[PDB]
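Next comes model.cif, with mmCIF, C-alpha atoms and all ligand atoms.
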data_input
loop_
_atom_site.label_atom_id
_atom_site.label_comp_id
_atom_site.auth_asym_id
_atom_site.auth_seq_id
_atom_site.Cartn_x
_atom_site.Cartn_y
_atom_site.Cartn_z
CA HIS C 4 0.00 0.00 0.00
CA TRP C 5 0.97 3.64 -0.16
CA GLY C 6 3.60 5.05 2.16
CA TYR C 7 6.66 7.30 2.31
CA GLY C 8 9.43 5.01 1.06
CA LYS C 9 11.26 4.94 -2.24
CA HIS C 10 8.96 2.32 -3.70
CA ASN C 11 5.58 3.49 -2.36
CA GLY C 12 6.05 7.19 -1.58
CA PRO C 13 4.60 10.42 -2.96
CA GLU C 14 6.05 9.99 -6.46
CA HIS C 15 4.09 6.73 -6.84
CA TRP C 16 0.74 7.78 -5.40
CA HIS C 17 -0.66 9.02 -8.72
CA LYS C 18 -1.02 5.49 -10.15
CA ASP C 19 -3.72 4.47 -7.67
CA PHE C 20 -4.86 8.01 -6.89
CA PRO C 21 -4.73 9.95 -10.18
CA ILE C 22 -6.00 13.10 -8.43
CA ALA C 23 -2.42 13.31 -7.10
CA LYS C 24 -1.77 15.31 -10.32
CA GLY C 25 -4.92 17.40 -9.87
CA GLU C 26 -5.64 21.09 -9.95
CA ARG C 27 -5.78 21.82 -6.20
CA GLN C 28 -3.29 19.51 -4.50
CA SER C 29 -1.63 20.12 -1.16
CA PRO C 30 0.73 20.99 0.36
CA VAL C 31 2.14 24.03 -1.45
CA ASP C 32 4.95 26.47 -0.96
CA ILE C 33 3.66 29.69 0.57
CA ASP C 34 5.39 32.58 -1.21
CA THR C 35 5.01 35.22 1.48
CA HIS C 36 5.63 38.10 -0.92
CA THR C 37 2.96 37.05 -3.42
CA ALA C 38 0.37 36.23 -0.73
CA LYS C 39 -2.15 39.08 -0.55
CA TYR C 40 -4.12 40.48 2.38
CA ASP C 41 -7.81 39.64 1.88
CA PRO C 42 -10.23 42.11 3.50
CA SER C 43 -13.15 39.71 2.88
CA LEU C 44 -11.78 37.31 5.52
CA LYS C 45 -13.80 37.42 8.73
CA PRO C 46 -12.18 37.02 12.16
CA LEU C 47 -11.03 33.43 12.74
CA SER C 48 -12.60 31.63 15.71
CA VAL C 49 -10.86 28.58 17.17
CA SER C 50 -13.33 27.40 19.83
CA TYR C 51 -11.79 24.38 21.55
CA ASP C 52 -12.86 24.91 25.18
CA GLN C 53 -15.30 21.96 25.23
CA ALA C 54 -13.17 19.51 23.23
CA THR C 55 -13.50 15.83 24.11
CA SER C 56 -10.46 13.81 23.10
CA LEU C 57 -10.93 10.05 23.09
CA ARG C 58 -8.03 8.01 21.80
CA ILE C 59 -4.63 8.07 20.12
CA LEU C 60 -3.92 5.66 17.25
CA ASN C 61 -0.79 4.69 15.30
CA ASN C 62 -2.27 4.19 11.82
CA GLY C 63 0.99 3.16 10.15
CA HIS C 64 1.54 6.60 8.62
CA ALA C 65 1.32 8.96 11.62
CA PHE C 66 -0.58 9.01 14.91
CA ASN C 67 -4.05 10.51 15.20
CA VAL C 68 -5.54 12.03 18.34
CA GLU C 69 -9.27 11.48 17.87
CA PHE C 70 -12.14 13.57 19.22
CA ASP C 71 -15.81 12.98 19.93
CA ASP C 72 -17.32 14.77 16.92
CA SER C 73 -20.89 13.49 17.51
CA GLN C 74 -21.94 17.05 18.47
CA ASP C 75 -20.61 20.60 18.20
CA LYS C 76 -17.83 20.93 20.78
CA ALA C 77 -14.37 21.95 19.55
CA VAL C 78 -15.04 23.83 16.30
CA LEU C 79 -13.46 26.25 13.82
CA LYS C 80 -15.41 29.14 12.29
CA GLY C 81 -14.75 32.46 10.61
CA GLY C 82 -11.82 33.41 8.45
CA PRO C 83 -12.45 32.03 4.97
CA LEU C 84 -15.03 29.56 6.28
CA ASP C 85 -18.77 29.56 5.65
CA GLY C 86 -20.43 27.87 8.62
CA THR C 87 -19.15 25.58 11.35
CA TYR C 88 -16.40 22.98 11.09
CA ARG C 89 -16.08 20.33 13.79
CA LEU C 90 -12.75 18.98 15.02
CA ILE C 91 -12.41 15.25 14.34
CA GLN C 92 -8.68 14.53 14.82
CA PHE C 93 -5.21 15.98 14.81
CA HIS C 94 -1.91 14.49 13.68
CA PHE C 95 1.58 15.58 12.68
CA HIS C 96 4.07 15.17 9.86
CA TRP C 97 7.78 15.24 10.74
CA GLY C 98 11.27 14.57 9.52
CA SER C 99 14.26 12.36 10.24
CA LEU C 100 16.23 15.53 11.14
CA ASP C 101 15.17 19.00 12.21
CA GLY C 102 15.77 20.56 8.74
CA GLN C 103 12.76 18.87 7.16
CA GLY C 104 9.37 17.49 8.14
CA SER C 105 6.79 20.11 7.29
CA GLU C 106 4.45 19.69 4.33
CA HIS C 107 3.80 23.34 3.63
CA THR C 108 6.92 25.49 3.21
CA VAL C 109 7.30 29.22 3.73
CA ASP C 110 9.42 30.87 1.00
CA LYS C 111 10.73 27.32 0.45
CA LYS C 112 11.82 26.94 4.09
CA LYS C 113 11.00 23.55 5.61
CA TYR C 114 10.09 23.36 9.31
CA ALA C 115 10.87 20.37 11.56
CA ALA C 116 7.22 19.26 11.66
CA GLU C 117 3.65 20.34 10.98
CA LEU C 118 0.49 19.83 13.04
CA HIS C 119 -2.83 19.35 11.24
CA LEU C 120 -6.08 19.90 13.14
CA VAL C 121 -8.75 18.36 10.89
CA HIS C 122 -12.34 19.62 10.84
CA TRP C 123 -15.44 18.83 8.78
CA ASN C 124 -18.28 21.09 7.68
CA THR C 125 -21.33 20.28 9.75
CA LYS C 127 -23.73 21.15 6.92
CA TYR C 128 -22.80 17.76 5.39
CA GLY C 129 -23.67 15.71 8.47
CA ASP C 130 -20.75 13.26 8.49
CA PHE C 131 -17.08 13.23 7.52
CA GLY C 132 -17.57 10.74 4.68
CA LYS C 133 -20.14 13.03 3.08
CA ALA C 134 -17.97 16.07 3.76
CA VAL C 135 -15.17 14.46 1.70
CA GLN C 136 -17.50 14.44 -1.29
CA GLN C 137 -17.78 18.24 -1.19
CA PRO C 138 -15.48 21.05 -2.38
CA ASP C 139 -15.84 22.82 0.98
CA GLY C 140 -16.13 19.71 3.13
CA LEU C 141 -13.01 20.08 5.30
CA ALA C 142 -10.90 22.73 6.98
CA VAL C 143 -7.40 21.87 8.17
CA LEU C 144 -5.62 24.22 10.56
CA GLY C 145 -1.89 23.79 9.98
CA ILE C 146 0.73 24.83 12.52
CA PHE C 147 4.47 24.66 11.99
CA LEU C 148 6.84 23.23 14.59
CA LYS C 149 10.40 24.48 15.07
CA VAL C 150 12.90 23.06 17.53
CA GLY C 151 13.77 25.23 20.50
CA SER C 152 12.05 25.40 23.88
CA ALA C 153 9.68 22.62 24.89
CA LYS C 154 5.93 22.96 24.29
CA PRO C 155 4.32 22.03 27.63
CA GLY C 156 0.96 21.21 26.07
CA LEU C 157 2.59 18.65 23.77
CA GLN C 158 4.24 16.61 26.51
CA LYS C 159 1.19 14.43 27.24
CA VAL C 160 1.22 13.37 23.58
CA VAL C 161 4.96 12.64 23.67
CA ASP C 162 4.68 10.53 26.79
CA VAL C 163 1.98 8.21 25.43
CA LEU C 164 3.85 7.39 22.22
CA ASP C 165 5.75 4.48 23.80
CA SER C 166 2.37 2.73 24.19
CA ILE C 167 1.45 3.04 20.50
CA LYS C 168 4.83 2.28 18.96
CA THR C 169 3.58 0.13 16.08
CA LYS C 170 0.88 0.24 13.43
CA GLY C 171 -2.56 -0.62 14.73
CA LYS C 172 -1.91 0.16 18.39
CA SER C 173 -4.14 2.65 20.18
CA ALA C 174 -4.46 4.02 23.71
CA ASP C 175 -7.03 5.95 25.68
CA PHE C 176 -6.34 9.66 25.35
CA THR C 177 -9.15 11.42 27.19
CA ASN C 178 -9.03 14.90 28.70
CA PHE C 179 -6.43 16.33 26.33
CA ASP C 180 -6.75 20.06 25.63
CA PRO C 181 -5.70 20.97 22.06
CA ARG C 182 -5.56 24.66 23.03
CA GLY C 183 -2.12 23.88 24.41
CA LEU C 184 -0.82 23.27 20.87
CA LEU C 185 -1.51 26.73 19.47
CA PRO C 186 0.92 29.66 19.13
CA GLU C 187 -0.01 33.10 20.45
CA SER C 188 -1.00 34.67 17.12
CA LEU C 189 -3.74 33.49 14.79
CA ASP C 190 -2.33 35.31 11.76
CA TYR C 191 -2.68 32.90 8.83
CA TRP C 192 -2.50 32.16 5.16
CA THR C 193 -5.37 30.35 3.40
CA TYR C 194 -5.95 28.61 0.09
CA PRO C 195 -8.08 25.80 -1.38
CA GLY C 196 -6.39 22.40 -1.52
CA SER C 197 -6.50 18.72 -0.74
CA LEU C 198 -5.74 16.00 1.71
CA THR C 199 -1.96 15.48 1.75
CA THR C 200 -2.23 11.68 1.96
CA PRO C 201 -4.18 9.23 -0.19
CA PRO C 202 -7.00 9.51 -1.14
CA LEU C 203 -5.76 13.10 -1.82
CA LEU C 204 -9.31 14.41 -2.08
CA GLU C 205 -9.75 18.05 -3.09
CA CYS C 206 -12.07 19.04 -0.25
CA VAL C 207 -9.92 21.19 2.03
CA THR C 208 -9.82 24.85 2.93
CA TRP C 209 -6.28 25.16 4.33
CA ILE C 210 -5.61 27.66 7.11
CA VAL C 211 -1.87 27.75 7.87
CA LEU C 212 -0.76 29.80 10.85
CA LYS C 213 2.21 32.11 10.33
CA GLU C 214 3.62 31.74 13.85
CA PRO C 215 5.30 28.38 14.53
CA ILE C 216 5.18 26.67 17.87
CA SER C 217 8.47 25.72 19.49
CA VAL C 218 8.98 22.13 20.65
CA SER C 219 12.10 20.70 22.20
CA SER C 220 14.56 18.42 20.48
CA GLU C 221 13.63 15.72 23.01
CA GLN C 222 9.93 16.01 22.08
CA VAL C 223 10.50 15.58 18.34
CA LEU C 224 13.05 12.82 18.94
CA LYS C 225 10.25 10.84 20.58
CA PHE C 226 8.06 11.23 17.49
CA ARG C 227 10.93 9.65 15.56
CA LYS C 228 10.91 6.53 17.78
CA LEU C 229 7.49 5.49 16.47
CA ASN C 230 7.32 2.73 13.88
CA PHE C 231 5.57 2.50 10.52
CA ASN C 232 5.50 -1.30 10.83
CA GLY C 233 3.29 -3.53 12.90
CA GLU C 234 4.29 -5.42 16.02
CA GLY C 235 6.72 -8.24 15.44
CA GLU C 236 7.78 -6.96 12.01
CA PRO C 237 11.15 -5.44 11.03
CA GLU C 238 11.50 -1.99 12.53
CA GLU C 239 10.98 0.95 10.18
CA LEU C 240 11.21 4.24 12.02
CA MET C 241 8.25 6.56 11.43
CA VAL C 242 10.13 9.54 10.01
CA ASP C 243 9.78 11.70 6.89
CA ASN C 244 6.02 11.16 6.67
CA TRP C 245 5.53 14.38 4.67
CA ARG C 246 4.46 15.04 1.10
CA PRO C 247 6.51 17.69 -0.71
CA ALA C 248 5.03 20.88 -2.10
CA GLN C 249 2.78 20.49 -5.15
CA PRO C 250 2.12 22.87 -8.05
CA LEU C 251 0.06 25.93 -7.13
CA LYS C 252 -1.73 25.96 -10.50
CA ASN C 253 -4.74 28.32 -10.67
CA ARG C 254 -4.70 29.39 -7.01
CA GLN C 255 -3.90 32.41 -4.88
CA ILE C 256 -2.84 32.33 -1.25
CA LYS C 257 -4.55 34.97 0.87
CA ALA C 258 -3.24 36.45 4.11
CA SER C 259 -5.31 37.44 7.14
CA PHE C 260 -2.84 40.18 8.06
CA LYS C 261 -1.83 43.42 6.40
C1 LIG O 301 -11.20 10.24 3.43
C2 LIG O 301 -10.38 9.23 4.12
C3 LIG O 301 -9.82 9.80 5.39
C4 LIG O 301 -8.91 11.00 5.21
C5 LIG O 301 -8.14 11.32 6.47
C6 LIG O 301 -7.19 12.49 6.34
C7 LIG O 301 -6.07 12.40 5.53
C8 LIG O 301 -5.18 13.46 5.42
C9 LIG O 301 -5.40 14.62 6.14
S1 LIG O 301 -4.26 15.99 6.02
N1 LIG O 301 -2.79 15.39 6.14
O1 LIG O 301 -4.47 16.55 4.70
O2 LIG O 301 -4.55 16.82 7.14
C10 LIG O 301 -6.52 14.73 6.95
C11 LIG O 301 -7.41 13.67 7.04
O1 LIG O 302 -9.50 18.13 29.75
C1 LIG O 302 -9.22 18.89 28.57
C2 LIG O 302 -10.25 19.97 28.34
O2 LIG O 302 -11.51 19.29 28.17
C3 LIG O 302 -12.60 20.17 27.91
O3 LIG O 302 -13.76 19.45 27.68
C4 LIG O 302 -12.79 21.09 29.10
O4 LIG O 302 -13.92 21.94 28.90
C5 LIG O 302 -11.52 21.90 29.31
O5 LIG O 302 -11.66 22.75 30.44
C6 LIG O 302 -10.33 20.97 29.49
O6 LIG O 302 -9.13 21.73 29.54
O1 LIG O 303 -9.19 41.61 -10.84
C1 LIG O 303 -8.56 42.06 -9.64
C2 LIG O 303 -8.57 40.97 -8.60
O2 LIG O 303 -7.70 39.92 -9.07
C3 LIG O 303 -7.75 38.76 -8.27
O3 LIG O 303 -6.89 37.82 -8.82
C4 LIG O 303 -7.33 39.07 -6.83
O4 LIG O 303 -7.55 37.94 -6.00
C5 LIG O 303 -8.10 40.24 -6.26
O5 LIG O 303 -7.58 40.60 -4.98
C6 LIG O 303 -8.11 41.42 -7.22
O6 LIG O 303 -8.98 42.43 -6.74
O1 LIG O 304 -4.85 13.87 28.26
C1 LIG O 304 -4.26 12.76 27.57
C2 LIG O 304 -3.69 11.75 28.54
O2 LIG O 304 -2.61 12.40 29.24
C3 LIG O 304 -1.92 11.55 30.15
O3 LIG O 304 -1.46 10.43 29.46
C4 LIG O 304 -2.88 11.09 31.23
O4 LIG O 304 -2.21 10.20 32.11
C5 LIG O 304 -4.08 10.39 30.61
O5 LIG O 304 -5.04 10.10 31.61
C6 LIG O 304 -4.72 11.28 29.56
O6 LIG O 304 -5.72 10.54 28.87
ZN ZN O 305 -1.75 15.95 7.70
#

Take the structure from the file and write it as structure tokens.
Amino acid sequence: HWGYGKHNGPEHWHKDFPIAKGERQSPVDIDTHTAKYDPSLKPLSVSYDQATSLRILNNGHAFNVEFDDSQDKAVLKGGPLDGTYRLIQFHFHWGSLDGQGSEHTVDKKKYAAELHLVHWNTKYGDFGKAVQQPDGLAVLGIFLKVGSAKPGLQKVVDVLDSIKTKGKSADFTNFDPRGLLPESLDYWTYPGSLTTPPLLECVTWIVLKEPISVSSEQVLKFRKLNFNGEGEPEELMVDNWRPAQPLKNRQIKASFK
């Protein structure tokens, strides 16, 4: 199946998923000089105070922290978005070394990792229906750079030893995703896609300008996860990022002047 190796990685995905060569694929390079302030953007509202985390899963590609999205709790509204988008899960992409790992780039600069908070548009009723719609999803992307530790990440780091291999999960209740945000909500936005198969072109991307800082020790623990299942030869879960894709007929808008 698809992955991030030489023989099954991003350059091969198009054979099974021909939309990989589509017109609104993600991630992209964010050219900060060409990005334009958009006065039609409304204030962005990240409303995570009632979030209910449930579980953390190693899915063989990354780890997902899953939320109870059976009702409106942690949601994203405003900015470029029409209506209410419910948080379903977050996950990260990261590198084998600190100089790469992010999916989006900023003037071609690669960050050590990237956090994706995934939300679906409640007008479509369920995630599977939302991924049949052009405006079905909103992903809030946050860059990670290595410096000081992020206290609100440590609970994630410390559970990873219990989900080392593909298919393992653990209870992960009472986790507050507000502890993963930077101070500023300045952002860039554009229309794109999922960055993994099935690569569906359903996503409004909202990429925060301000990175969060995490410590070297925190990201080193990400890199101890495994792509493989239990009992199989160890393949470290590193470099689980797709490179930047052609911008094509898109513009990146900025929330800030
Ligand atoms: C429709 C099948 C499930 C899709 C799950 C998924 C995949 C990729 C992303 S990402 N990395 O763009 O944020 C988010 C969510
Ligand atoms: O436990 C994590 C978070 O869960 C939410 O449901 C609560 O409303 C928050 O106060 C709490 O920080
Ligand atoms: O025709 C002028 C318009 O061109 C578009 O490509 C830009 O997004 C707008 O900001 C601009 O007003
Ligand atoms: O908040 C996420 C998790 O953090 C820590 O692992 C706690 O021990 C656990 O009870 C909780 O589920
Ligand atoms: Zn992602």

Open item on the list: Ranking C:110, C:97, C:141, C:172 by minimum distance to residue 32 (chain C) and counting all atoms listed in the file, which one comes first?
Closed with: C:110

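Closest approach to ligand ZN 305 (chain O) among C:84, C:118, C:91, C:134: C:118, based on all atoms listed in the file.
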
Would you pick out the contacts of residue 224 (chain C) at 10 Å or less, using only C-alpha atoms, so that residues sharing its chain but fewer than 3 positions from it are not included, and give the list as a tab-separated table (two decimals) with C-alpha atoms, in the frame of the given file?
chain	number	residue	atom	x	y	z
C	98	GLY	CA	11.27	14.57	9.52
C	99	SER	CA	14.26	12.36	10.24
C	100	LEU	CA	16.23	15.53	11.14
C	101	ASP	CA	15.17	19.00	12.21
C	161	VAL	CA	4.96	12.64	23.67
C	219	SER	CA	12.10	20.70	22.20
C	220	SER	CA	14.56	18.42	20.48
C	221	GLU	CA	13.63	15.72	23.01
C	227	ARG	CA	10.93	9.65	15.56
C	228	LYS	CA	10.91	6.53	17.78
C	229	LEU	CA	7.49	5.49	16.47
C	242	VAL	CA	10.13	9.54	10.01

All residues having an atom within 7 Å of ligand LIG 302 (chain O) (only C-alpha atoms and all ligand atoms) as a PDB file with C-alpha atoms, in the coordinates of the input:
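Writing the result to out-v5.pdb gives the following:
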ATOM      1  CA  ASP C  52     -12.860  24.910  25.180  1.00  0.00           C
ATOM      2  CA  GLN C  53     -15.300  21.960  25.230  1.00  0.00           C
ATOM      3  CA  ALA C  54     -13.170  19.510  23.230  1.00  0.00           C
ATOM      4  CA  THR C  55     -13.500  15.830  24.110  1.00  0.00           C
ATOM      5  CA  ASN C 178      -9.030  14.900  28.700  1.00  0.00           C
ATOM      6  CA  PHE C 179      -6.430  16.330  26.330  1.00  0.00           C
ATOM      7  CA  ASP C 180      -6.750  20.060  25.630  1.00  0.00           C
TER       8      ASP C 180
END

TODO: Find the residues around region 210-217 of chain C up to 9 Å (only C-alpha atoms counted), leave out those fewer than 3 positions away in its own chain, and share them as number ranges by chain.
DONE: C: 82-83, 107, 109, 114, 117, 142-154, 184-194

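Taking atom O3 of ligand LIG 303 (chain O) and CA of residue 39 (chain C) as the two end points, the separation is 9.6 Å.
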
Write out as a Markdown table the residues of chain C that have any atom within 10 Å of an atom of ligand LIG 303 (chain O), one row each with the nearest atom pair and its distance in Å to one decimal, counting only C-alpha atoms and all ligand atoms, sorted by chain and then rising number.
| residue | atom | partner | partner_atom | distance |
| --- | --- | --- | --- | --- |
| C:38 | CA | O:LIG303 | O4 | 9.7 |
| C:39 | CA | O:LIG303 | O5 | 7.2 |
| C:40 | CA | O:LIG303 | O5 | 8.1 |
| C:41 | CA | O:LIG303 | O5 | 6.9 |
| C:42 | CA | O:LIG303 | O5 | 9.0 |
| C:43 | CA | O:LIG303 | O5 | 9.7 |
| C:253 | CA | O:LIG303 | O3 | 9.9 |
| C:254 | CA | O:LIG303 | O3 | 8.9 |
| C:255 | CA | O:LIG303 | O4 | 6.7 |
| C:256 | CA | O:LIG303 | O4 | 8.7 |
| C:257 | CA | O:LIG303 | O4 | 8.1 |

- [ ] Return the single residue from C:106, C:238, C:85, C:14 that is closest to ligand ZN 305 (chain O), with distances computed using only C-alpha atoms and all ligand atoms.
- [x] C:106

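Contacts with ligand LIG 304 (chain O) are defined as any residue atom within 9 Å of a ligand atom, using all atoms listed in the file; the residues meeting this criterion are residues 56, 57, 58, 59, 158, 159, 160, 161, 162, 163, 174, 175, 176, 177, 178, 179 and 180 of chain C.
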
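The smallest atom-to-atom distance between residue 139 (chain C) and any of C:62, C:105, C:208, C:125, using all atoms listed in the file, is found for C:208.
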
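Once residue 7 (chain C) and its same-chain neighbours fewer than 6 positions away are set aside, residues 13, 64, 242, 243, 244, 245 and 246 of chain C remain within 9 Å of it when counting only C-alpha atoms.
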
What are the closest atom pairs, with distances in Å to one decimal, for each residue of chain C lying within 7 Å of ligand ZN 305 (chain O), using all atoms listed in the file, rows by chain and rising residue number, as CSV?
residue,atom,partner,partner_atom,distance
C:94,CA,O:ZN305,ZN,6.2
C:95,CA,O:ZN305,ZN,6.0
C:96,CA,O:ZN305,ZN,6.3
C:118,CA,O:ZN305,ZN,7.0
C:119,CA,O:ZN305,ZN,5.0
C:199,CA,O:ZN305,ZN,6.0

Open item on the list: Within 7 Å of ligand LIG 301 (chain O) (counting only C-alpha atoms and all ligand atoms), which residues show up? I'd like them as a PyMOL selection string.
Closed with: chain C and resi 119-121+132+135+143+197-202

Selection file, C-alpha atoms, as a tab-separated table (two decimals), keeping the file's coordinate frame:
chain	number	residue	atom	x	y	z
C	119	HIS	CA	-2.83	19.35	11.24
C	120	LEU	CA	-6.08	19.90	13.14
C	121	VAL	CA	-8.75	18.36	10.89
C	132	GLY	CA	-17.57	10.74	4.68
C	135	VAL	CA	-15.17	14.46	1.70
C	143	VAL	CA	-7.40	21.87	8.17
C	197	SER	CA	-6.50	18.72	-0.74
C	198	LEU	CA	-5.74	16.00	1.71
C	199	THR	CA	-1.96	15.48	1.75
C	200	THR	CA	-2.23	11.68	1.96
C	201	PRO	CA	-4.18	9.23	-0.19
C	202	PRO	CA	-7.00	9.51	-1.14

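Proximity to residue 33 (chain C) was assessed for C:258, C:78, C:49, C:90 counting all atoms listed in the file; the smallest distance is recorded for C:258.
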
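Residue nearest residue 31 (chain C), chosen from C:259, C:103, C:108, C:124 and counting only C-alpha atoms: C:108.
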
Enclose the full set of atoms of region 204-213 of chain C listed in the file within a box whose edges lie along x, y and z, apply 5 Å of padding to each of the six sides, and report centre and edge lengths in Å to one decimal as JSON.
{"center_x": -4.9, "center_y": 23.3, "center_z": 3.9, "size_x": 24.3, "size_y": 27.7, "size_z": 23.9}

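The space between CA of residue 74 (chain C) and CA of residue 206 (chain C) spans 21.3 Å.
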
TODO: Work out how far apart CA of residue 195 (chain C) and CA of residue 89 (chain C) are and give it in Å to one decimal.
DONE: 18.0 Å

Can you give me N, CA, C and O atoms for region 49-67 of chain C, written as a short mmCIF file (atom, residue, chain, number, x, y, z; two decimals), in the frame of the given file?
data_model
loop_
_atom_site.label_atom_id
_atom_site.label_comp_id
_atom_site.auth_asym_id
_atom_site.auth_seq_id
_atom_site.Cartn_x
_atom_site.Cartn_y
_atom_site.Cartn_z
N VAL C 49 -11.25 29.93 16.77
CA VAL C 49 -10.86 28.58 17.17
C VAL C 49 -11.50 28.37 18.54
O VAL C 49 -11.06 28.96 19.53
N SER C 50 -12.55 27.56 18.61
CA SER C 50 -13.33 27.40 19.83
C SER C 50 -13.19 25.97 20.33
O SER C 50 -14.03 25.11 20.04
N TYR C 51 -12.14 25.72 21.11
CA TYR C 51 -11.79 24.38 21.55
C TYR C 51 -12.05 24.12 23.03
O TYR C 51 -11.65 23.07 23.55
N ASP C 52 -12.73 25.04 23.73
CA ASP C 52 -12.86 24.91 25.18
C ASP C 52 -13.62 23.66 25.63
O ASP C 52 -13.38 23.17 26.75
N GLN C 53 -14.53 23.13 24.82
CA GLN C 53 -15.30 21.96 25.23
C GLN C 53 -14.86 20.69 24.49
O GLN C 53 -15.61 19.72 24.43
N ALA C 54 -13.64 20.67 23.97
CA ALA C 54 -13.17 19.51 23.23
C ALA C 54 -13.17 18.26 24.10
O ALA C 54 -12.86 18.29 25.29
N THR C 55 -13.51 17.14 23.47
CA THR C 55 -13.50 15.83 24.11
C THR C 55 -12.60 14.90 23.31
O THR C 55 -13.04 14.30 22.32
N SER C 56 -11.34 14.78 23.71
CA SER C 56 -10.46 13.81 23.10
C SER C 56 -10.83 12.42 23.59
O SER C 56 -11.36 12.25 24.68
N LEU C 57 -10.55 11.42 22.77
CA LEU C 57 -10.93 10.05 23.09
C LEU C 57 -9.76 9.08 23.08
O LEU C 57 -9.63 8.27 24.02
N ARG C 58 -8.92 9.12 22.06
CA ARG C 58 -8.03 8.01 21.80
C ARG C 58 -6.89 8.52 20.94
O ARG C 58 -7.04 9.50 20.21
N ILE C 59 -5.77 7.81 20.99
CA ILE C 59 -4.63 8.07 20.12
C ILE C 59 -4.29 6.76 19.41
O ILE C 59 -4.28 5.70 20.04
N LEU C 60 -4.08 6.83 18.09
CA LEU C 60 -3.92 5.66 17.25
C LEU C 60 -2.69 5.81 16.37
O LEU C 60 -2.54 6.83 15.71
N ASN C 61 -1.84 4.80 16.32
CA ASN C 61 -0.79 4.69 15.30
C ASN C 61 -1.42 3.99 14.09
O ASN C 61 -1.76 2.82 14.16
N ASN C 62 -1.60 4.74 12.99
CA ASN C 62 -2.27 4.19 11.82
C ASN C 62 -1.28 3.71 10.76
O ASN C 62 -1.68 3.42 9.63
N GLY C 63 0.00 3.60 11.10
CA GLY C 63 0.99 3.16 10.15
C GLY C 63 1.58 4.24 9.27
O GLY C 63 2.52 3.97 8.51
N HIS C 64 1.05 5.44 9.35
CA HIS C 64 1.54 6.60 8.62
C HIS C 64 1.95 7.71 9.57
O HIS C 64 3.04 8.30 9.42
N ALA C 65 1.12 7.96 10.59
CA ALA C 65 1.32 8.96 11.62
C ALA C 65 0.57 8.43 12.85
O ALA C 65 0.19 7.26 12.92
N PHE C 66 0.35 9.30 13.83
CA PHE C 66 -0.58 9.01 14.91
C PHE C 66 -1.68 10.06 14.90
O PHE C 66 -1.42 11.25 14.71
N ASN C 67 -2.91 9.62 15.13
CA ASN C 67 -4.05 10.51 15.20
C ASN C 67 -4.56 10.57 16.64
O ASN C 67 -4.81 9.53 17.26
#
